[PDB]
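One chain comes next, on its own, written as structure tokens: the form deposited in one PDB entry.
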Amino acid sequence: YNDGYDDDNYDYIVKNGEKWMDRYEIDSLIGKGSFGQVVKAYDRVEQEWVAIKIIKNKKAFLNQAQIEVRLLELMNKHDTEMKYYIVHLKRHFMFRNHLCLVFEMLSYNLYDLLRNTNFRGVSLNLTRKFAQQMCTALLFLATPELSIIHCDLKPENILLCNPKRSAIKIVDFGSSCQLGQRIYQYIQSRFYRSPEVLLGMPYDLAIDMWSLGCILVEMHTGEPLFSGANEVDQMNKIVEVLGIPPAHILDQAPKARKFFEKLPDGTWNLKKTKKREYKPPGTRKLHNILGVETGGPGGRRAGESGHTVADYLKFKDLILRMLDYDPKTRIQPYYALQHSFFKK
């Protein structure tokens, strides 16, 4: 495969120590998703470490990363301090028939952070800071001459700048597109996937806000809010919390009948089944998941500072505005930043 340079998966067979182009000194592998791999490497020419995202040697994979690069370059050259919430693409190049993107090295991602605490969750204060950054990040992406949809927000694609501080950056625009230049129907990671996408409807930037909604709850509770094993499970878990999606949406949804049934009288219910598996629609209240009046998630924050019922009621209000079923009334970043959960 690729004159012995690649494994059977179209991935470059990384070798520690290797020096590419009399410049980069590959130390090791540090990331390996569906896109390919990410390695740690010393840039001799600039005297710094970098992360190198090695794209899979495969036409569909390369072609998509070419889109990542057009969008990364567009974000990076935009003069506004908000652009510092999106990671910096220093260079790209072809090497051994792989596209390679050279990035500033960042630190652990938010998933690693959750794991570091044994999934007890991070503080409501910390979560606030992440949320605050994310919404400013999304606000940047929403600027008209950008209008970029990330499409795969989740803890693993949000990284700490430095391991002991709380500045973060969004990475992985490998599934991103601009408004009106949509090309996939199946997108986002399942846990973080919006209802409009599960329903096969057209989507806009509001899908990132759904994802953020779910992420922030997870960051605080330490477990995914909606953890479906497949699309049918996913939509049922959402329903447990928010009830049946409103009729105006289902009526225009190609995949409505993958999960739902229209009744003679025009209302919608879940599909008939053989058999109890889910809580009744809307009876798994975000109010209890978060532990608003019971000392937070699991009771784990009972009488700690920064975790008042009033903090939680604010928080909860934001999340539910983020998980609005309707993409046209779901809270957009501008207004989310004005939310009272961010007062001082």
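We number the residues from 1 along the sequence you see. Each form is matched to the other, and the largest set of C-alpha atoms that superpose within 1.5 Å is called the rigid core.
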* Is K83 one of the residues left unmodelled in a third or more of the other entries compared? -> no
* **Third-or-more of other entries without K274** => yes
* How many missing residues of the deposited sequence lie between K274 and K275 in the entry, grouped as none, 1 to 3, 4 to 9, or 10 or more? -> 1 to 3
* Which has higher Cα B-factors on average according to the PDB entry: 308-316 or 42-50? -> 42-50
* Asked: Averaged over C-alpha atoms, is the B-factor higher for 206-214 or for 72-80 in this PDB entry?
  -> 72-80
* Asked: Based on the PDB record, which member of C151, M235, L139, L146 exhibits the highest Cα temperature factor?
  -> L146
* To do: Would you mind finding, among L124, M105, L110, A229, the residue with the largest C-alpha temperature factor in the entry?
  => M105
* If you rank every modelled residue in this chain by C-alpha B factor, which third holds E223: lowest, middle or highest? -> middle
* Record-listed C-alpha B factor of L323: chain third -> lowest
* Asked: Would the CA B-factor of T329 place it in the lowest, middle or highest third of its chain?
  -> lowest
* Should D265 be placed in the lowest, middle or highest third of its chain by the C-alpha B factor in the entry? -> highest
* Would you check the entry's CA temperature factor for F130 and let me know if it's in the chain's lowest, middle or highest third? => lowest
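Omitted from view is the form deposited in another entry, to which the following refers.
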* Once the two forms are fit on the core, has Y111 moved its CA by at least 2 Å between this form and the one not shown? -> no
* **Is_shifted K90 between this form and the one not shown (CA, 2 Å cut-off, rigid core)** => no
* Once the core is aligned, please say if the CA of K129 is shifted by at least 2 angstroms between this form and the one not shown. => no
* **Cα distance between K129 and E81, which in the other form differs by 3 Å or more from this form, closer or farther** => farther
* Asked: Closer or farther apart in the other form, the C-alpha atoms of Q181 and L101, for a change of 3 Å or more?
  -> farther
